[PDB]
2 protein chains.
Amino acid sequence: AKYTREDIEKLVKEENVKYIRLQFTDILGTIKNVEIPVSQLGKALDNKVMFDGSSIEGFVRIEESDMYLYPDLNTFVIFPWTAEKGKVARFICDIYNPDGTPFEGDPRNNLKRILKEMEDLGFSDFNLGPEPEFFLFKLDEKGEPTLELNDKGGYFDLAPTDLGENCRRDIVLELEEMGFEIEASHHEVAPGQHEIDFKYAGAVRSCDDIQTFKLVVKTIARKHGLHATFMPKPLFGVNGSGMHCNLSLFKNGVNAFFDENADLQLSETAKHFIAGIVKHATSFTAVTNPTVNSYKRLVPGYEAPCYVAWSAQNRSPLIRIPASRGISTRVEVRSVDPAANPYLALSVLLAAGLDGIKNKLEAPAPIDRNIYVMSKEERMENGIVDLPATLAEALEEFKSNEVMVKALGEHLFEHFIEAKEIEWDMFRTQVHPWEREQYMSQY
Amino acid sequence: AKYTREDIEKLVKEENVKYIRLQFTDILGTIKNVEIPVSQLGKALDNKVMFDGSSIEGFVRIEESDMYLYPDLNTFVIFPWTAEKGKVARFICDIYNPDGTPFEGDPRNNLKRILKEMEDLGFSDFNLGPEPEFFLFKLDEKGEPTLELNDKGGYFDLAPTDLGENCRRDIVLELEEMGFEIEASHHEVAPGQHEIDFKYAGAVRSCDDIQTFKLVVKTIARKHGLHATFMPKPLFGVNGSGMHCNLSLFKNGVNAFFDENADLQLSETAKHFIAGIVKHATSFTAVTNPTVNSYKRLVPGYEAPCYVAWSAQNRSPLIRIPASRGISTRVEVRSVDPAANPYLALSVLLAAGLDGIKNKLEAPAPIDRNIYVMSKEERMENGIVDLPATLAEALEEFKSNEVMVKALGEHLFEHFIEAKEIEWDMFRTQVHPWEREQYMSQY
Ligand SMILES: NC(=O)CC[C@H](N)C(=O)O
Ligand SMILES: [Mg+2]
Ligand SMILES: [Mg+2]
Ligand SMILES: [Mg+2]
Ligand SMILES: [Mg+2]
Ligand SMILES: [Mg+2]
Ligand SMILES: [Mg+2]
């Protein structure tokens, strides 16, 4: 209980809060909201504010259906940069059906659903440590994004410098003032690319922070004349952006992946997890990489995984194990990209993990200096399968899987599939310039 | 009441008001005004101010006509901007004849007429909850509007951010801190499109607030290098704008549409009232949808209605019943667009409602699924009539309906048709570029 009804009412008043953002999330991970005047804080709470909950199905809407917003008290945040006529605060909300029950088509209420599965298996927490990467492109005259990069930095370089446009700085600083907890940040591999890493938190809080963070970013960036994009593959020839997800299970407030007396100090619990992840990656990919362009980042030549394997020391492991042990033992899934919706991502991932533990699945041998050089044939002769090559591919595999379809639930699943199938069809029917360069003179 | 003579005179002096706007509306909903120096406040308040009330006719104006301006103390507000050589305030007004009686051709006086009509039927209040949607475009260098939108947001998604322009916010903030009572706001389907929704009120107050809204909007957006418009379909191939009106009747301070032990918890009255809107839609469309361009929004595929029908959950029903009951039990007409003169629309709607209540009309089958596919023929065999395709058609239907004509008033009616027929006549003789593109080389 971070705040209570009164603590918030007291707080709204102590400060000059005048505008309330009741923010949620549609199925495509897009960050939505309905805004009220502070004069509606009461109705807001009391969970009495209604809206067209079909905003959640995204562009595949069809009819208008009324739904309730239920604000999550302990997610109460006051935005800093505000203060014009008054300040602005917010609430992340859970969408309820008009009859009282939570709306099953809501991404957030789904994570919770599967977190009940985790607790019934006997676990207390499922932690996440996101490593979200993003590009900074320059704005032009007419305030339009351009293909020009904010800087020419390389890997863990000393990016932009402490003389203005240091977006990373203000971002990290602003986030820390908003109550976040950052672990560290750094410039990434390509020029004009960045990464800020959050401290670990419980699935929900971590997912909620990832949403805010993206928002916070986009804003500060515009403030500096820049464009932030979390597009996975903005530029052919340059690195893409992914969002590795460090994962851990807890039991009685004790880390469960750690076993000092076992191979790699990794519990049997830990290894079943890895096991399930390997079993389901080619199937949960259409979710952790939800866009067409997500697949342009998933190619040889960069640090992105193109095959299902794990390792503690390799070029592009879809699963990795950081060095830290004990209270910090965790599995890192390095295929997830920032285009992915966190609640859904952690839904399918948490689910594929539990499917390993439930069924004492057996993990394969850790890969190490092989995958990349051995032809897809040699790789294939082993547990080494290629991830889907296109969104259409990822979608077939997804549907085939029963434990992944369950991870969403009939509503979240029907529509996701619908929207993505359109997205692909639009792309497939499209005639790109590249083809005209190739065939228009040659034929 | 709310304000009394001396209360106002105290307010003006203390707040340092120096410029009064005597505000009113013409047939085309356009917002007129005669403006006096604070020093003339007395003359004003004694109902002694005169002006050319033929301004009410709009461009159909032929001869001049001296009329009086009667301020309404309860509509007194002080505009928040202003404060140069002093502050500004307005008074919404009723137009009188030089012989002391209210001028009929005045739309505000017209609704007050049909309202009294309602009371004879023994009703207490007529409530409106409007949801006015608008587009924000950019102003060019010359300060001239362009076809460039203010953002790329969609339905309900949190956009734009709290750093910069954020018109919607600054509008609601101004409205709220200016006496208004807003419920919520949000981004709309099309990029650059926005909607603010106010708490319900009685017809007159609700119509006055709609006229003040538009203004405050138009104003705020201009202040941010933007152009607001309530033009129904500014752009082909994107969503148009509309102003669904949420209607409810009270009897002795109690909602008369509600009824627990009923079906859908809708009272017999409700069912009848609905019945009325059903049989007058095609004949009141010309009023709720007054511009030529209004009918370019009335095309299938964009959430806007096209047939006379009512549902509780459908793609784009002319009428729909939102979830809430009890006090919130209401009928929503989704035909109405912003271009419409709120006073005329509300009066033509109240009138059609009461008519169906008066003559105990039998409401038709609520539409299940599909009015889109179910072709003309079939749609007919189900008593589903199409709205008028063009302003012309709309007029021929309005002119045929005895009760609708009576809702307007001999004067209002005569001049409204006069305007619309010339408006249509122009648009019909115009040779648009589209014709040239399709025909000039073809023939
Ligand atoms: N109800 C909505 O928000 C859709 C509005 C849409 N622009 C219309 O014409 O009705
Ligand atoms: Mg559906
Ligand atoms: Mg990194
Ligand atoms: Mg990593
Ligand atoms: Mg005349
Ligand atoms: Mg709307
Ligand atoms: Mg509506």
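All residue numbers here begin at 1 and follow the chain in the order shown.
So this one's X-ray crystallography, 2.9 Å, going by the header.
Backbone N, Cα and C atoms are what each Cβ position is placed from, and that goes for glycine too.
According to Swiss-Prot, the Mg(2+) 1 binding site annotation covers A:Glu131, A:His244, A:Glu332, on the basis of experimental evidence. Classification of A:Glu131 (Mg(2+) 1 binding site) by DSSP places it within a strand. Taking Cβ-Cβ distances under 8 Å and a sequence separation of 6 or more, the neighbours of A:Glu131 (Mg(2+) 1 binding site) in its chain are A:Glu195, A:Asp197, A:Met243, A:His244, A:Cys245, A:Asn246.
In the three-state DSSP scheme, A:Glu188 (Mg(2+) 2 binding site) is classed as coil. Around the Cβ of A:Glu188 (Mg(2+) 2 binding site), the same chain contributes A:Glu133, A:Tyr155, A:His194, A:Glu195, A:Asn239, A:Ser241, each under 8 angstroms and 6 or more positions distant in sequence. Per Swiss-Prot, Mg(2+) 2 binding site is recorded for A:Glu133, A:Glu188, A:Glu195, and the stated evidence type is experimental evidence.
Cβ contacts within 10 Å of A:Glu183 (ATP binding site), excluding its own Cβ and spanning all protein chains shown: 12. Residues or ranges marked as ATP binding site by Swiss-Prot: A:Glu183, A:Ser248, A:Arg315, A:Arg320.
Here Swiss-Prot flags A:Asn239, A:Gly240, A:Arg297, A:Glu303, A:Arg315, A:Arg334 as L-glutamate binding site. All protein chains included, A:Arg315 (ATP binding site) registers 16 other Cβ atoms within 10 Å of its own Cβ.
The domain 'GS beta-grasp' feature in Swiss-Prot is assigned to A:15-100; the stated evidence is sequence analysis.
Look at Swiss-Prot and you will find A:107-443 tagged as domain 'GS catalytic', backed by sequence analysis.
Summarising the environment of A:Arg61 (site 'Important for inhibition by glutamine'), the number of other Cβ atoms within 10 Å of its Cβ, over all protein chains shown, is 19. Annotation comment: Swiss-Prot describes A:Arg61 as site 'Important for inhibition by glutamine', evidence class experimental evidence.
In the vicinity of ligand 3, defined as a Cβ distance under 6 Å, the following of the recorded positions A:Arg61, A:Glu131, A:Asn239, A:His244, A:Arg320, A:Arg334 are placed: A:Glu131.
Checking the recorded positions (A:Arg61, A:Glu183, A:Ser248, A:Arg315) against A:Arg334 (L-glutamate binding site) with a 10 Å Cα-Cα cut-off leaves nothing. Nearest in space to A:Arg61 (site 'Important for inhibition by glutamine'), taking C-alpha to C-alpha distance over the binding-site residues A:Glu183, A:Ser248, A:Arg297, A:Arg320, A:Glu332, is A:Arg297. A:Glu195 (Mg(2+) 2 binding site): 21 other CB atoms within 10 A of its CB, across all protein chains.
Proximity to chain B (Cβ-Cβ distance under 8 Å) holds for the following recorded positions out of A:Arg61, A:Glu133, A:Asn239: A:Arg61. Taking DSSP states H, G and I as helix and E and B as strand, the domain 'GS beta-grasp' (A:15-100) has 22 helix, 35 strand, 29 coil. Within the set of binding-site residues A:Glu183, A:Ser248, A:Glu303, A:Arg315, A:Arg320, the entry lying nearest in space to A:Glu332 (Mg(2+) 1 binding site) is A:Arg320 (CA atoms). Ligand 4 lies within reach of none of the recorded positions A:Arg61, A:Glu133, A:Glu195, A:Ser248, A:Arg315, judged by a C-beta closer than 6 angstroms to any of its atoms.
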